[PDB]
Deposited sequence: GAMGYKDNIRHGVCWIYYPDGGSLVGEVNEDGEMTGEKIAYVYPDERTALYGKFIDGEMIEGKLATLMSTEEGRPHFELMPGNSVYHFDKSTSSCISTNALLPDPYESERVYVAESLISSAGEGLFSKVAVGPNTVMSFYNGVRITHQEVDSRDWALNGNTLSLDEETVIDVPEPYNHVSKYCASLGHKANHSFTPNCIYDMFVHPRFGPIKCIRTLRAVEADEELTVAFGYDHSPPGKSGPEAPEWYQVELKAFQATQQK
């Protein structure tokens, strides 16, 4: 009796369920959307207690067979709060680290950007947008200078990567806040349920992307409330024209 339970984003939990049909055991895995990278070990009712990095090597009769990676690379469920971004700010996501890197943006005066490490097809999850969880009230009350990295999650929650966590030397557990804006983007923000970060958003490709291509997303600020930083207002004029 092996069960696979998929999230709408393509990640899954897999293992033998307990008596009560819960994902509880010492041999449960979260499998990322590549259907190959996994976090394997102790879960309780689908929550990751101790997941070790693994590669899904094959399935036999539906049952996944994993090989553990070397290192003592372990992860656990660690949802951010209003004040804490991560228990391990410097521990990278292992799926994201194989797919993207941060470098100088090709967009003029845009600072750093996020780039593809390898060629990927359409609909590929590339990066995760984790951050602290604050209210729309807090965000909407403060200056644009403090709102460079704020991403609406839902009606009650905004995800932010505030200073000094906007620098990779201080935070690199996720890198989605590094993707720059484009009115002609190659990626979108999409909902994602992550075993370490909880419910967040990810960056997903719209189309095939080449290695070393800059990943961009449409930030989606209200154009007719435009409520936006000045650099975006400028770019909006150019795009429309």
When the deposited sequence is counted from residue 1, which ranges lack any model?
1-11, 237-241, 258-261
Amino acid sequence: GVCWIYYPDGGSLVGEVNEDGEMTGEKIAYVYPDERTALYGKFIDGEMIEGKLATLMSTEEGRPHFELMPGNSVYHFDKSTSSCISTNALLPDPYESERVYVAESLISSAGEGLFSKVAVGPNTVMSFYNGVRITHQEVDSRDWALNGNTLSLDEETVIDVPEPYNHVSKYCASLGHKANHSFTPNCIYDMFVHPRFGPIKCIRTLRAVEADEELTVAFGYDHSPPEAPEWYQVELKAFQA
From here on, numbers count along this sequence of modelled residues.
Stretch with higher mean Cα temperature factor, 121-129 vs 100-108, is 100-108
Quick check on the record: does 172-180 or 192-200 carry the larger mean Cα temperature factor?
172-180
One of 93, 143, 160, 78 has the largest Cα B-factor in the entry, namely 143
Between 149, 137, 83, 152, which one tops the list for Cα B-factor in this entry?
137
When the deposited Cα B-factors of this chain's modelled residues are ordered and cut into thirds, is residue 29 in the lowest, the middle or the highest one?
lowest
Test of reading the entry: by CA B factor among the chain's modelled residues, which third contains residue 68?
middle
C-alpha B factor of residue 210, ranked within the chain: lowest, middle or highest third?
highest
Ranking every modelled residue in this chain by its Cα temperature factor as given in the entry, which third contains residue 185?
highest
Residue 2 - Cα temperature factor, lowest/middle/highest third of chain:
middle
